[PDB]
Structures are given as C-alpha cells and as structure tokens.
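**Student:** As input, take work-v7.pdb (PDB, C-alpha atoms):
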ATOM      1  CA  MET A   1     -17.352  17.754 -13.464
ATOM      2  CA  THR A   2     -16.173  14.628 -11.603
ATOM      3  CA  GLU A   3     -18.763  11.867 -12.066
ATOM      4  CA  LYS A   4     -16.110   9.138 -12.258
ATOM      5  CA  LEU A   5     -12.715  10.532 -11.229
ATOM      6  CA  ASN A   6     -12.740  11.600  -7.557
ATOM      7  CA  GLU A   7      -9.142  11.839  -6.329
ATOM      8  CA  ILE A   8      -8.973  12.205  -2.507
ATOM      9  CA  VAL A   9      -6.289  12.047   0.238
ATOM     10  CA  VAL A  10      -6.869  10.096   3.491
ATOM     11  CA  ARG A  11      -5.844  11.407   6.945
ATOM     12  CA  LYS A  12      -4.733   9.877  10.231
ATOM     13  CA  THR A  13      -6.785  12.346  12.242
ATOM     14  CA  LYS A  14     -10.093  11.121  10.783
ATOM     15  CA  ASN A  15     -11.112   7.549  11.666
ATOM     16  CA  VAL A  16     -11.312   4.928   8.902
ATOM     17  CA  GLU A  17     -15.116   4.621   8.745
ATOM     18  CA  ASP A  18     -15.204   8.410   8.298
ATOM     19  CA  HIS A  19     -13.632   7.877   4.880
ATOM     20  CA  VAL A  20     -15.696   4.734   4.192
ATOM     21  CA  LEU A  21     -18.751   6.819   5.041
ATOM     22  CA  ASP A  22     -17.701   9.754   2.860
ATOM     23  CA  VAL A  23     -16.860   7.213   0.122
ATOM     24  CA  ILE A  24     -20.177   5.310   0.016
ATOM     25  CA  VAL A  25     -21.782   8.769  -0.173
ATOM     26  CA  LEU A  26     -19.585   9.790  -3.127
ATOM     27  CA  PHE A  27     -20.346   6.496  -4.917
ATOM     28  CA  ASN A  28     -23.971   7.609  -4.593
ATOM     29  CA  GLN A  29     -23.423  10.646  -6.829
ATOM     30  CA  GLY A  30     -21.992   8.349  -9.553
ATOM     31  CA  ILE A  31     -18.392   8.248  -8.276
ATOM     32  CA  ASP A  32     -17.350   4.790  -9.423
ATOM     33  CA  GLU A  33     -13.628   5.590  -9.437
ATOM     34  CA  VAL A  34     -11.779   6.952  -6.417
ATOM     35  CA  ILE A  35      -8.154   7.509  -5.298
ATOM     36  CA  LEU A  36      -7.071   7.480  -1.652
ATOM     37  CA  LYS A  37      -3.592   8.914  -0.874
ATOM     38  CA  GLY A  38      -1.949   8.544   2.576
ATOM     39  CA  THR A  39       1.456   8.990   4.304
ATOM     40  CA  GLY A  40       3.314   7.285   7.209
ATOM     41  CA  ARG A  41       0.269   6.937   9.488
ATOM     42  CA  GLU A  42      -2.512   7.901   7.041
ATOM     43  CA  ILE A  43      -1.035   5.317   4.633
ATOM     44  CA  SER A  44      -2.774   2.419   6.478
ATOM     45  CA  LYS A  45      -5.977   4.469   6.922
ATOM     46  CA  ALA A  46      -6.555   4.335   3.145
ATOM     47  CA  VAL A  47      -6.202   0.539   3.323
ATOM     48  CA  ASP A  48      -8.801  -0.174   6.027
ATOM     49  CA  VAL A  49     -11.281   2.153   4.287
ATOM     50  CA  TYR A  50     -10.940   0.144   1.052
ATOM     51  CA  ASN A  51     -10.756  -3.190   2.907
ATOM     52  CA  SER A  52     -13.886  -2.305   4.852
ATOM     53  CA  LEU A  53     -15.401  -0.983   1.602
ATOM     54  CA  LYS A  54     -14.475  -4.244  -0.119
ATOM     55  CA  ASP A  55     -15.955  -6.200   2.757
ATOM     56  CA  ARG A  56     -19.055  -4.216   1.768
ATOM     57  CA  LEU A  57     -19.829  -6.133  -1.426
ATOM     58  CA  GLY A  58     -16.604  -7.034  -3.253
ATOM     59  CA  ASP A  59     -18.731  -7.238  -6.429
ATOM     60  CA  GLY A  60     -19.912  -3.618  -6.310
ATOM     61  CA  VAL A  61     -16.224  -2.787  -5.785
ATOM     62  CA  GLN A  62     -13.132  -3.334  -7.948
ATOM     63  CA  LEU A  63      -9.409  -2.677  -7.552
ATOM     64  CA  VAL A  64      -8.361  -1.004 -10.822
ATOM     65  CA  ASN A  65      -4.957   0.208  -9.567
ATOM     66  CA  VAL A  66      -2.706   0.881  -6.550
ATOM     67  CA  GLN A  67       0.888   2.181  -6.211
ATOM     68  CA  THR A  68       3.368   3.033  -3.416
ATOM     69  CA  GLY A  69       6.258   5.497  -3.181
ATOM     70  CA  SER A  70       7.956   7.809  -0.640
ATOM     71  CA  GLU A  71       8.145  11.612  -0.550
ATOM     72  CA  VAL A  72       9.125  14.493   1.720
ATOM     73  CA  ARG A  73       6.613  15.542   4.394
ATOM     74  CA  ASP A  74       7.779  18.062   7.048
ATOM     75  CA  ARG A  75      11.444  18.196   5.909
ATOM     76  CA  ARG A  76      11.613  14.413   6.330
ATOM     77  CA  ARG A  77      11.144  11.392   4.056
ATOM     78  CA  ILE A  78       8.001   9.369   4.570
ATOM     79  CA  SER A  79       6.263   6.473   2.805
ATOM     80  CA  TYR A  80       2.964   6.994   0.917
ATOM     81  CA  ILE A  81       0.322   4.851  -0.809
ATOM     82  CA  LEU A  82      -1.796   5.612  -3.857
ATOM     83  CA  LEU A  83      -4.899   3.366  -3.643
ATOM     84  CA  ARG A  84      -7.334   3.439  -6.585
ATOM     85  CA  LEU A  85     -10.733   1.722  -6.820
ATOM     86  CA  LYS A  86     -13.642   1.101  -9.208
ATOM     87  CA  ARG A  87     -17.359   0.266  -8.694
ATOM     88  CA  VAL A  88     -19.113  -2.357 -10.867
ATOM     89  CA  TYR A  89     -22.486  -1.887  -9.155
TER      90      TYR A  89
ATOM     91  CA  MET B   1      14.301 -23.785  -4.129
ATOM     92  CA  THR B   2      13.377 -20.083  -4.344
ATOM     93  CA  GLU B   3      15.426 -18.264  -7.015
ATOM     94  CA  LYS B   4      12.446 -16.059  -7.911
ATOM     95  CA  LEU B   5       9.710 -16.281  -5.275
ATOM     96  CA  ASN B   6      10.974 -14.900  -1.945
ATOM     97  CA  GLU B   7       7.975 -13.907   0.186
ATOM     98  CA  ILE B   8       9.084 -12.019   3.342
ATOM     99  CA  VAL B   9       7.268  -9.961   6.009
ATOM    100  CA  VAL B  10       8.595  -6.491   6.933
ATOM    101  CA  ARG B  11       8.862  -5.325  10.576
ATOM    102  CA  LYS B  12       8.896  -2.054  12.511
ATOM    103  CA  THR B  13      11.537  -3.248  14.963
ATOM    104  CA  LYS B  14      14.418  -3.152  12.454
ATOM    105  CA  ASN B  15      14.632  -0.199  10.053
ATOM    106  CA  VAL B  16      13.958   0.612   6.398
ATOM    107  CA  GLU B  17      17.577   0.221   5.243
ATOM    108  CA  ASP B  18      17.799  -2.957   7.324
ATOM    109  CA  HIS B  19      15.261  -4.532   4.969
ATOM    110  CA  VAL B  20      16.764  -2.792   1.902
ATOM    111  CA  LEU B  21      20.136  -4.258   2.859
ATOM    112  CA  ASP B  22      18.723  -7.764   3.308
ATOM    113  CA  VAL B  23      16.853  -7.332  -0.008
ATOM    114  CA  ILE B  24      19.783  -6.214  -2.201
ATOM    115  CA  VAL B  25      21.621  -9.236  -0.767
ATOM    116  CA  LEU B  26      18.790 -11.637  -1.681
ATOM    117  CA  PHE B  27      18.605 -10.264  -5.236
ATOM    118  CA  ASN B  28      22.337 -10.932  -5.527
ATOM    119  CA  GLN B  29      21.362 -14.609  -5.094
ATOM    120  CA  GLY B  30      19.000 -14.314  -8.097
ATOM    121  CA  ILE B  31      15.942 -13.281  -6.045
ATOM    122  CA  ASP B  32      14.317 -11.049  -8.670
ATOM    123  CA  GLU B  33      10.774 -11.518  -7.370
ATOM    124  CA  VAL B  34       9.948 -10.628  -3.764
ATOM    125  CA  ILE B  35       6.850  -9.958  -1.602
ATOM    126  CA  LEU B  36       7.021  -7.607   1.397
ATOM    127  CA  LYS B  37       4.144  -7.792   3.948
ATOM    128  CA  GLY B  38       3.582  -5.292   6.806
ATOM    129  CA  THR B  39       0.889  -4.292   9.363
ATOM    130  CA  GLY B  40      -0.202  -0.970  10.975
ATOM    131  CA  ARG B  41       3.335   0.308  11.669
ATOM    132  CA  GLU B  42       5.347  -2.130   9.522
ATOM    133  CA  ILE B  43       2.882  -1.400   6.690
ATOM    134  CA  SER B  44       4.991   1.763   6.332
ATOM    135  CA  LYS B  45       8.445   0.158   6.592
ATOM    136  CA  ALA B  46       7.607  -1.998   3.545
ATOM    137  CA  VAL B  47       6.774   0.941   1.242
ATOM    138  CA  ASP B  48       9.925   2.836   2.279
ATOM    139  CA  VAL B  49      12.216  -0.170   1.677
ATOM    140  CA  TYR B  50      10.857  -0.424  -1.877
ATOM    141  CA  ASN B  51      10.739   3.321  -2.588
ATOM    142  CA  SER B  52      14.362   3.489  -1.440
ATOM    143  CA  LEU B  53      15.169   0.275  -3.352
ATOM    144  CA  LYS B  54      13.753   1.995  -6.453
ATOM    145  CA  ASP B  55      15.997   5.005  -5.853
ATOM    146  CA  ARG B  56      18.732   2.493  -6.657
ATOM    147  CA  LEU B  57      18.022   2.031 -10.371
ATOM    148  CA  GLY B  58      14.336   1.981 -11.417
ATOM    149  CA  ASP B  59      15.384   0.033 -14.521
ATOM    150  CA  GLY B  60      16.958  -2.802 -12.530
ATOM    151  CA  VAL B  61      13.728  -2.816 -10.494
ATOM    152  CA  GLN B  62      10.048  -3.369 -11.397
ATOM    153  CA  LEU B  63       6.710  -3.226  -9.564
ATOM    154  CA  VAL B  64       4.914  -6.444 -10.592
ATOM    155  CA  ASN B  65       2.048  -6.115  -8.086
ATOM    156  CA  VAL B  66       0.789  -4.574  -4.835
ATOM    157  CA  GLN B  67      -2.367  -5.062  -2.727
ATOM    158  CA  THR B  68      -3.785  -3.809   0.589
ATOM    159  CA  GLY B  69      -6.262  -5.333   3.048
ATOM    160  CA  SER B  70      -7.115  -5.358   6.784
ATOM    161  CA  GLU B  71      -6.609  -8.323   9.153
ATOM    162  CA  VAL B  72      -6.726  -9.255  12.842
ATOM    163  CA  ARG B  73      -3.557  -8.694  14.895
ATOM    164  CA  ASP B  74      -3.663  -9.032  18.712
ATOM    165  CA  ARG B  75      -7.470  -9.437  18.947
ATOM    166  CA  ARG B  76      -7.786  -6.159  17.019
ATOM    167  CA  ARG B  77      -8.056  -5.134  13.371
ATOM    168  CA  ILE B  78      -5.066  -3.556  11.664
ATOM    169  CA  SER B  79      -4.245  -2.487   8.109
ATOM    170  CA  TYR B  80      -1.698  -4.495   6.077
ATOM    171  CA  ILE B  81       0.048  -4.115   2.704
ATOM    172  CA  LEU B  82       1.251  -6.745   0.241
ATOM    173  CA  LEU B  83       4.111  -5.202  -1.809
ATOM    174  CA  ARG B  84       5.513  -7.226  -4.742
ATOM    175  CA  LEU B  85       8.582  -6.368  -6.845
ATOM    176  CA  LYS B  86      10.534  -7.729  -9.842
ATOM    177  CA  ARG B  87      14.177  -7.130 -10.855
ATOM    178  CA  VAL B  88      14.981  -6.612 -14.570
ATOM    179  CA  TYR B  89      18.741  -6.280 -14.039
TER     180      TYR B  89
END
Would you write out, as structure tokens, the structure that this file holds?

**Tutor:**
Amino acid sequence: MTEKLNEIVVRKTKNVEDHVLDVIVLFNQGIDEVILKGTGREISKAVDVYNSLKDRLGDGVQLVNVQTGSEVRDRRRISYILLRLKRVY
Amino acid sequence: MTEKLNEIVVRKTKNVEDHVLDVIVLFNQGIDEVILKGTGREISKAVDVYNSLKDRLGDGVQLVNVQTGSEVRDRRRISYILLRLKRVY
C-alpha cells in the first residue's frame, strides 16, 4: 500500500494547479508524504505546486527534503529537481 | 568580507558552464559556501551549474541546503529555486 509514501513526477504539459489539485486529493487518502520530480521545464512546475500548496496552510504542510541533480533526457543532459514534502495536519 | 557566504543569482542569458566557471573561480578565493538563485528559465541553469560542479569531485563539494518557492516577476508569478552548496576541499 502507499498511505504515506506517494512518489510522483511532475510534467510541463499539465498546469501547476493540476498537480496541486491531484495532491490535495492524495493528501485526503492519508498521503502525508509526497515526492515531485521534474526536468528542464517540468522542474519549476514541481516548485509552484509545492509553493501554492504551502501557501495553502504552511502548518498542514512541511518540507522534509528536497534535492537537485542533472540526467540524460532525449540523448541530452538536462537539470532535474527532487522535491519532497510532509503533512502535519 | 565574504570568504564563506557568496549569495549569487543565476541567469538564463549566460550558460551553465559560464556560472560553473565563475563559481570554481570564487571557490579558489575561499568561497566554500554559495547560494544560487534562479527563476522560471534560470531556475534550471542553477541546478545544472551545481550538478556539473558536483561532477567535478563530489567530495570537494557538499549540498548544505536547497529550497524552492514561487514569486512575482514581471507582474506575473514564476517558480524560483534557492540552491546552496558547501566545499569540503
């Protein structure tokens, strides 16, 4: 099961609120922890989602961890972000 | 003075190695700690610079902290990343 360990990747095709919407829904099933991964353009999409999700309550949201590294995507090097999060309420 | 507290903003007009070149030079002056900031497009040039700067040694490089939030830029909201780093050698 995945009650508190939902790892997900963000996209540049989907808007930001689409992931903030799918996130608040997941945190309804007990998903307190979540991981957004993004690349080149999707990289910033993960940010807004969390920023807008932080702007949601800040208290019912916690930043447990975040990391950043680059990898190959389409026979080319690109930057990527690993954004983690935790809910306290 | 600033021997270990160089906060700098990354840009999308230069290049990734342009900021990796200016960084390796700053470290040479004793700048072990550094903070890269970027927005929407530059938010990606900051991660690359570090990822590539890590490809340099890993040991002589350390990730002290990293954060991500959204802010206003040109009467519009944009995503931004705060990337910190520490040199151990």

**Student:** Near chain A, which residues of chain B fall within 8 Å when you count all atoms listed in the file, and what do they look like as an mmCIF file with C-alpha atoms, keeping the file's coordinate frame?

**Tutor:**
data_model
loop_
_atom_site.group_PDB
_atom_site.id
_atom_site.type_symbol
_atom_site.label_atom_id
_atom_site.label_comp_id
_atom_site.auth_asym_id
_atom_site.auth_seq_id
_atom_site.Cartn_x
_atom_site.Cartn_y
_atom_site.Cartn_z
ATOM 1 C CA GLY B 40 -0.202 -0.970 10.975
ATOM 2 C CA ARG B 41 3.335 0.308 11.669
ATOM 3 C CA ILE B 43 2.882 -1.400 6.690
ATOM 4 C CA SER B 44 4.991 1.763 6.332
ATOM 5 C CA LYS B 45 8.445 0.158 6.592
ATOM 6 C CA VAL B 47 6.774 0.941 1.242
ATOM 7 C CA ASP B 48 9.925 2.836 2.279
ATOM 8 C CA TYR B 50 10.857 -0.424 -1.877
ATOM 9 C CA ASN B 51 10.739 3.321 -2.588
ATOM 10 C CA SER B 52 14.362 3.489 -1.440
ATOM 11 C CA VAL B 66 0.789 -4.574 -4.835
ATOM 12 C CA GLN B 67 -2.367 -5.062 -2.727
ATOM 13 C CA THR B 68 -3.785 -3.809 0.589
ATOM 14 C CA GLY B 69 -6.262 -5.333 3.048
ATOM 15 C CA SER B 70 -7.115 -5.358 6.784
ATOM 16 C CA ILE B 78 -5.066 -3.556 11.664
ATOM 17 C CA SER B 79 -4.245 -2.487 8.109
ATOM 18 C CA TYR B 80 -1.698 -4.495 6.077
ATOM 19 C CA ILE B 81 0.048 -4.115 2.704
#

**Student:** Mind checking which residues fall within 12 Å of residue 29 of chain B, counting only C-alpha atoms, ignoring those fewer than 4 positions away in the same chain, and posting them as a ChimeraX atom specification?

**Tutor:** /B:1-6,22-25,33,87

**Student:** So the first atom is atom CA of residue 30 of chain A and the second is atom CA of residue 11 of chain A; what is the distance between them in Å, to one decimal place?

**Tutor:**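 Computed distance, atom CA of residue 30 of chain A to atom CA of residue 11 of chain A, equals 23.3 Å.
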
**Student:** When you draw a straight line from atom CA of residue 75 of chain A to atom CA of residue 34 of chain A, how long is it in Å?

**Tutor:** 28.6 Å

**Student:** Translate the PyMOL selection byres ((chain B and resi 61) around 6) into a concrete residue list for this structure, as a PyMOL selection string.

**Tutor:** chain B and resi 58-60+62+86-88

**Student:** What's the separation between atom CA of residue 7 of chain B and atom CA of residue 37 of chain B, in Å to one decimal place?

**Tutor:**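 Value for the atom CA of residue 7 of chain B-atom CA of residue 37 of chain B distance: 8.1 Å.
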
**Student:** Residues within 8 Å of residue 9 of chain A, please, as a PyMOL selection string. Count all atoms listed in the file; anything in the same chain fewer than 4 positions from it doesn't count.

**Tutor:** chain A and resi 35-38

**Student:** Keeping N, CA, C and O atoms (and nothing else), can you write segment 52-82 of chain B of this structure as a compact mmCIF listing (two decimals), in the first residue's frame?

**Tutor:**
# COMPACT_ATOMS: atom_id res chain seq x y z
N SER B 52 26.74 19.89 -12.54
CA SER B 52 28.03 19.80 -13.27
C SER B 52 29.18 20.09 -12.29
O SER B 52 30.23 19.49 -12.36
N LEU B 53 28.97 21.01 -11.38
CA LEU B 53 30.04 21.33 -10.39
C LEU B 53 30.27 20.12 -9.50
O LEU B 53 31.36 19.90 -8.98
N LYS B 54 29.27 19.30 -9.33
CA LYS B 54 29.43 18.08 -8.49
C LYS B 54 30.24 17.07 -9.29
O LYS B 54 31.09 16.37 -8.77
N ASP B 55 29.98 17.00 -10.56
CA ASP B 55 30.72 16.07 -11.45
C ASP B 55 32.21 16.34 -11.33
O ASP B 55 33.03 15.64 -11.88
N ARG B 56 32.56 17.39 -10.64
CA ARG B 56 33.99 17.75 -10.52
C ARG B 56 34.66 16.94 -9.41
O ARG B 56 35.79 16.52 -9.54
N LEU B 57 33.99 16.72 -8.31
CA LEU B 57 34.67 15.94 -7.23
C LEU B 57 33.67 15.28 -6.28
O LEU B 57 33.93 14.20 -5.78
N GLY B 58 32.56 15.89 -5.98
CA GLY B 58 31.62 15.23 -5.02
C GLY B 58 32.19 15.37 -3.61
O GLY B 58 31.54 15.88 -2.71
N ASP B 59 33.40 14.93 -3.39
CA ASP B 59 34.00 15.05 -2.04
C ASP B 59 34.33 16.52 -1.79
O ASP B 59 34.00 17.08 -0.77
N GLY B 60 34.98 17.15 -2.73
CA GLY B 60 35.34 18.58 -2.57
C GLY B 60 34.10 19.43 -2.81
O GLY B 60 34.20 20.57 -3.19
N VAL B 61 32.94 18.87 -2.61
CA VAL B 61 31.68 19.65 -2.84
C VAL B 61 30.59 19.07 -1.94
O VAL B 61 30.50 17.88 -1.74
N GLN B 62 29.77 19.92 -1.37
CA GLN B 62 28.70 19.43 -0.45
C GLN B 62 27.42 20.26 -0.58
O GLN B 62 27.44 21.46 -0.74
N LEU B 63 26.31 19.58 -0.51
CA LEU B 63 24.98 20.25 -0.61
C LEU B 63 24.48 20.61 0.79
O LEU B 63 23.90 19.80 1.48
N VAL B 64 24.73 21.81 1.24
CA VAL B 64 24.29 22.20 2.61
C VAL B 64 22.78 22.43 2.64
O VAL B 64 22.11 22.08 3.59
N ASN B 65 22.22 23.03 1.62
CA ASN B 65 20.75 23.28 1.66
C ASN B 65 20.19 23.63 0.29
O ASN B 65 20.91 23.96 -0.64
N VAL B 66 18.89 23.55 0.17
CA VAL B 66 18.20 23.86 -1.12
C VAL B 66 16.73 24.14 -0.80
O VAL B 66 16.15 23.51 0.06
N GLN B 67 16.12 25.07 -1.48
CA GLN B 67 14.68 25.36 -1.20
C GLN B 67 14.02 25.80 -2.51
O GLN B 67 14.68 26.10 -3.48
N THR B 68 12.71 25.82 -2.55
CA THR B 68 12.03 26.22 -3.81
C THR B 68 10.70 26.90 -3.50
O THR B 68 9.88 26.41 -2.75
N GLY B 69 10.49 28.04 -4.09
CA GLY B 69 9.22 28.79 -3.85
C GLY B 69 8.85 29.60 -5.10
O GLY B 69 9.62 29.71 -6.02
N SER B 70 7.66 30.14 -5.12
CA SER B 70 7.19 30.95 -6.29
C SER B 70 7.23 32.44 -5.94
O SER B 70 7.05 32.82 -4.79
N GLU B 71 7.42 33.29 -6.91
CA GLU B 71 7.45 34.75 -6.62
C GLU B 71 6.97 35.54 -7.83
O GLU B 71 6.75 35.00 -8.89
N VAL B 72 6.78 36.82 -7.67
CA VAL B 72 6.29 37.65 -8.80
C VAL B 72 7.46 38.14 -9.65
O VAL B 72 8.45 38.63 -9.15
N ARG B 73 7.34 38.03 -10.95
CA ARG B 73 8.42 38.51 -11.85
C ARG B 73 7.81 39.04 -13.14
O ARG B 73 7.41 38.29 -14.01
N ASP B 74 7.72 40.35 -13.25
CA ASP B 74 7.12 40.99 -14.46
C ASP B 74 5.60 41.00 -14.34
O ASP B 74 4.89 40.73 -15.29
N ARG B 75 5.09 41.29 -13.17
CA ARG B 75 3.61 41.31 -12.95
C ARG B 75 3.04 39.92 -13.24
O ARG B 75 1.91 39.76 -13.67
N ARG B 76 3.81 38.91 -12.97
CA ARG B 76 3.32 37.52 -13.20
C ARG B 76 4.04 36.59 -12.22
O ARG B 76 5.12 36.89 -11.75
N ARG B 77 3.44 35.49 -11.90
CA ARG B 77 4.09 34.55 -10.94
C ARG B 77 5.02 33.60 -11.67
O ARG B 77 4.74 33.15 -12.77
N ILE B 78 6.13 33.30 -11.06
CA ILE B 78 7.11 32.39 -11.69
C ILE B 78 7.72 31.53 -10.59
O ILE B 78 7.71 31.87 -9.43
N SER B 79 8.25 30.40 -10.96
CA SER B 79 8.84 29.49 -9.95
C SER B 79 10.30 29.88 -9.74
O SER B 79 10.95 30.36 -10.64
N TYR B 80 10.83 29.68 -8.55
CA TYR B 80 12.26 30.04 -8.31
C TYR B 80 12.90 29.04 -7.36
O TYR B 80 12.24 28.44 -6.53
N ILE B 81 14.18 28.83 -7.52
CA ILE B 81 14.92 27.84 -6.68
C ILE B 81 16.07 28.49 -5.93
O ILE B 81 16.82 29.27 -6.47
N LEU B 82 16.23 28.10 -4.69
CA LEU B 82 17.36 28.60 -3.87
C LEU B 82 18.30 27.41 -3.72
O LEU B 82 17.99 26.48 -3.00
